[PDB]
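The values are calculated or read from the model by the stated rules, or taken from the named source; no laboratory read-out is quoted. Here the Cβ is made from the backbone with ideal geometry for all residues, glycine too, and neighbour counts use every protein chain on show.
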């Protein structure tokens, strides 16, 4: 009449981590009548599998206190009997369904140890495939996943591991393509989702920021997102006095792109790109993807006025050296 049952679970540490409280849980059981034998456990468990209250109506429904210890659960103060379990844990965050029988007799060595197999394992599944325009797979591209309600990005989706929904998971994560270009997410609730390409790989331009996906059942949904690999080019500059066309040393610029109304620094060789007109007026930007850029003037040549706006330039397939003119400060 005072037995303890020890339950070991799949992915035990992580499941526990997802529990609000390790304390106050109960194990729901049915205590079987004497027409049932533990010798018949395979067939019993099969015969009770398809839920029907008419299969259970003769049994005594009860429950026992559980505790989640470090690597296993203990279930406390269990009388002698033959007991059926359908669920070990069932919460808003975590479900651990499990169908088995256990038997306590006066001969039972304490504790009884059962390694419980998780049941009800089908899950939603979505696979994102990231490619370039020739369908090479792209590794290391970052996405965030958001759910969608009536077209709006309703929430950042919580996740654990790599990558599985959990309603008590972390909402702040960027998901990154693997060596096969793939992101794989399981157990998302049914519904409408959007993968947002928040972190493109340099050299590959975003075609569509958002890629929508709808999970209506448990069948794999695969979506393919296409990036534009951009060629690279160079530009030679020469800083001169605009009246005399003689070269000027010491004009400093930061190279920038524009994004959403502000200038942001171009990064190359592990830093922001700064260029300085040389003894001959010359400077240069090399490599650097096709697109539109700006020379943001940090410092004018001695004796010269600051340019009134940054110098725009476009790198593209289409002068041998681009001349940048400076006006001598009258004063």
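For residue 93, the criteria (1) surrounded by 12 or more Cβ atoms within 10 Å (Cβ to Cβ); (2) in contact with a strand residue (DSSP E or B) (Cβ under 9 Å, 6 or more places away or on another chain); (3) under 24 Å from residue 13 (Cβ atoms) hold in every case but one, which is (2).
Of the strands (runs of 3 or more DSSP E) lying entirely inside region 1-111, the ones with 2 or more residues being within 30 Å of residue 188 (Cα to Cα) are found at 3-8, 25-31, 60-68, 81-90, 95-104.
Could you tell me which residue of region 268-293 is farthest from residue 255 (Cα to Cα), considering only residues that are surrounded by 12 or more Cβ atoms within 10 Å (Cβ to Cβ) and out of contact with any strand residue (DSSP E or B) (no Cβ under 7 Å at 6 or more places or on another chain)? Residue satisfying both the conditions and the ranking: 278. Looking at residue 41, is it loosely packed, with under 13 Cβ neighbours inside 10 Å and either more than 13 Å from residue 84 (Cα to Cα) or assigned by CATH to the domain that holds residue 89 (or both)? Against the criterion (loosely packed, with under 13 Cβ neighbours inside 10 Å and either more than 13 Å from residue 84 (Cα to Cα) or assigned by CATH to the domain that holds residue 89 (or both)), residue 41 does not qualify. Condition check: surrounded by fewer than 17 Cβ atoms within 10 Å (Cβ to Cβ) and under 28 Å from residue 217 (Cβ atoms). Does residue 63 satisfy that? No. Just so you know, in region 291-317 the residues that are assigned to a loop (DSSP other than H, G, I, E, B) and within 12 Å of residue 234 (Cα to Cα) include one that is farthest from the chain's Cα centre (by Cα), and it is 317.
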